[PDB]
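Shown below, as structure tokens, is a lone chain in the form deposited in one PDB entry; questions about how it binds or moves come after it.
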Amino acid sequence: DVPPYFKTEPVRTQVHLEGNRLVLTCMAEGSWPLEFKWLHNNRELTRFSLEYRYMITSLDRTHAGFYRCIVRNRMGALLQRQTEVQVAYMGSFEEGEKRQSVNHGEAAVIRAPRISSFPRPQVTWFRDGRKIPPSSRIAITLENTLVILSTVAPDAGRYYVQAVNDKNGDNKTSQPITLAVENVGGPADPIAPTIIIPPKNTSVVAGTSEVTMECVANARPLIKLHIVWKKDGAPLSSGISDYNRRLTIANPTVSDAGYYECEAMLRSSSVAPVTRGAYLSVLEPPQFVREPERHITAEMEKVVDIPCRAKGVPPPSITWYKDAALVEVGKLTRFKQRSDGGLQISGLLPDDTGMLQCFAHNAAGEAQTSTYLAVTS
């Protein structure tokens, strides 16, 4: 009479190549009989059986998504930790040839032609078979948009991209975009600082290595263009790269979160700078500070309390299951959940016997614990 439990929980995320085979396992132990069923995006994929494996002989990108297992025996049922199968692939540049036009001095903004791919491909800008590296006059954004500051006539031509998927090695070339540069009025006219690419609202899990805010500015003459970064109003003096276009935070913490501003101005000038801002949110995955005991016995018809509190950013939501089924909490029920997080059961029916599972969820993760509740008296 052993209730189910998991010997090993699967990894949260995993990347596979298209065409390769895929084996998932429900590694559990318990007392005969131990049955297993599989869920794909919370929809039944199998019914209960003796088969603990779910196998896909040949992966497709359409197989990407969430999988999990349910294990059960005559004493109860457990919901396995959910995993995300990510299928590495790369489509083609379906877009045709394009053409844009700009006047000299104006910034030329050329978005990277669309392509669907996992992971996101590495993109490199080209023109006449020559690579186009970022310069003081040429920016390539995080979105792989090509910006050409204070364009001159020789900037006109056919630009295109090459895209390489890092995990399957695929290499595609896009159709070209033809930039025309016009000549209206003298090319010596001054231009006040402009922000072509403002910072974007950006979120990162604290268990990452880097996070980058970006801001691209245009001016004439480009040489006296200066970009200052700020956090919550205060200037920053490190982590700045590109030509002051990129602000890179290493190993971000919850403290690094906040409002980041980009200010473009002319050196030794007369003018109010132009400012654009965006928030950086830093999250922590859920993590228990209070777990119920892995075996619990209460008696009919008293009330029992099962403690469960989690820690994380933002404050994680606590959700209860009984035998892999969402517990019905509410005032017309015997079950009620403290804002504390714990679960209180009143009027213990013999059928309240089984496996209870506490799930702590937030946008950056999911944690889970189980207990065996046995009714006596």
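Rigid core here is just the name for the largest C-alpha set that superposes within 1.5 Å across the two forms. Throughout, we count residues from 1 along the sequence that is shown.
Beyond what is shown, the protein has a form deposited in another entry; the following relates to that form.
Undergrad: With the two forms fitted on the rigid core, I'd like to know which residue in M75, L266, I138, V304 is displaced by 2 angstroms or more at its CA between the shown form and the other one.
TA: Single residue meeting the criterion: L266.
Undergrad: With both forms fitted on the core, give yes or no for whether the Cα of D155 moves by 2 angstroms or more between the shown form and the other one.
TA: The answer is no, as the C-alpha of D155 shifts between the shown form and the other one by less than 2 Å after core alignment.
Undergrad: I want to check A88: does it shift between the shown form and the other one by 2 Å or more at the Cα, with the core superposed?
TA: Shift at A88: below 2 Å after core fit.
Undergrad: Take the rigid core as the frame of reference and indicate whether the C-alpha of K230 shifts by 2 Å or more between the shown form and the other one.
TA: Indeed, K230 is displaced by 2 Å or more.
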